[PDB]
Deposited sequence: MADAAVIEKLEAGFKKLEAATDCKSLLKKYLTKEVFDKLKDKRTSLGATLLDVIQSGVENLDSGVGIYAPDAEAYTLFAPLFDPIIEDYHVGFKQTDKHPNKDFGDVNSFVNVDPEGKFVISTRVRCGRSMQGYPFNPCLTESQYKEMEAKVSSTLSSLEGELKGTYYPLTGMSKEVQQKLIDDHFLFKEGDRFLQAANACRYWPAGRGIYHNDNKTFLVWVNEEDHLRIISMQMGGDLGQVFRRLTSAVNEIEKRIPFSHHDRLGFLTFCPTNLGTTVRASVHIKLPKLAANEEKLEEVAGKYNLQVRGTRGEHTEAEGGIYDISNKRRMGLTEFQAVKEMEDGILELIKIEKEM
């Protein structure tokens, strides 16, 4: 399986994880000596090793999770490490569960959670897709990066109506175009230490790109962390409008680019935190009263299965659940939770 030199670095990595008595990553938690020993010499048919899985968590001890899938096969071959980490991270996605098939449900039925625009500055729904036939970042060749870019660029550039827009490859992009995209918060940068140590950024910026529509309500990142990160956003709180746009776009893309998908895990993504629906429906929202006590905000959000992140008392608040529920259900959890959070804010 894995080359002797790889196994050697794996042994050193296991020791580092043991050295880090302070470490709280799911990687440390589930990479017992037993599981390590059984997996350390294995290799997928494409050549991915346990090192290609855990290197990021070894290098960055402060990782929360600390593993990534280098190809789809890795989810199966290294299941003894992936499965419990997935179970632990995706709370409530049980051993006996399977992630449901795609179901966007009635996309137009979602409401404006803040019609007055008093709390929510903007609403965004994102998903991620891997492209069928291509492995994840660390197993991609330069040629695959470029071929993927060509296919995606051609597909996106043929979108019409609301979705009509412009594709910009990162390669050779001028500073002026960079500033324009930065000003709209459309540009992504080369991946951070977690992605670097996962070998997720090889050949950067080759095959990396950004697309947005004329209206600036639709944004796609190509080969940032996943092959496709697909995002619908607009000012205010109309989650119905946002989700409808996203689903329309994802459906249109799928006609030309089939996606990698798994019977149990749902849509396959590079990081296992993004599996299942992959959906992250969020508001950027100002809740000055509830934010007087950050710990209280966190507690209340969690009660309604919401996650609080950065994004001046302005929070990115999103659905916490990704696996074991439909896309419709995930957006609905965000919808209902935000409605309830706003009520709490008003009444405090």
| item | value |
| --- | --- |
| Sequence ranges without modelled C-alpha atoms (deposited numbering) | 312-319 |
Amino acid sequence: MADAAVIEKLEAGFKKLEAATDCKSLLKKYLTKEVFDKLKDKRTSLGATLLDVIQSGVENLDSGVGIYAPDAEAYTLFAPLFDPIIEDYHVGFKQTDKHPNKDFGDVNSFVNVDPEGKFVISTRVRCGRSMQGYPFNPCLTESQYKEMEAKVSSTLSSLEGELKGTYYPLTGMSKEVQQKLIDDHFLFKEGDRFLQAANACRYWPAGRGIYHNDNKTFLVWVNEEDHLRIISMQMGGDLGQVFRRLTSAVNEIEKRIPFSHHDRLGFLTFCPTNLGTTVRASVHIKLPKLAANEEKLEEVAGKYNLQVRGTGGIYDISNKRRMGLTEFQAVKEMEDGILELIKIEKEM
From here on, numbers count along this sequence of modelled residues.
item: Of 216-224 and 250-258, the one with larger mean CA B-factor; value: 250-258
item: Stretch exceeding the other in mean C-alpha B-factor - 328-336, 5-13; value: 5-13
item: Member of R126, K180, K118, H90 with the greatest C-alpha B factor (per the PDB record); value: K180
item: Residue with maximal Cα B-factor (values as given in the PDB entry) among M131, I231, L159, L268; value: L159
item: Third of chain Cα B-factors occupied by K146; value: middle
item: Chain thirds of CA B-factor: placement of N112; value: highest
item: Among modelled residues of the same chain, the CA temperature factor third for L163; value: highest
item: Record-listed C-alpha B factor of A301: chain third; value: highest
item: CA B-factor placement of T32, once the chain's modelled residues are sorted into thirds; value: highest
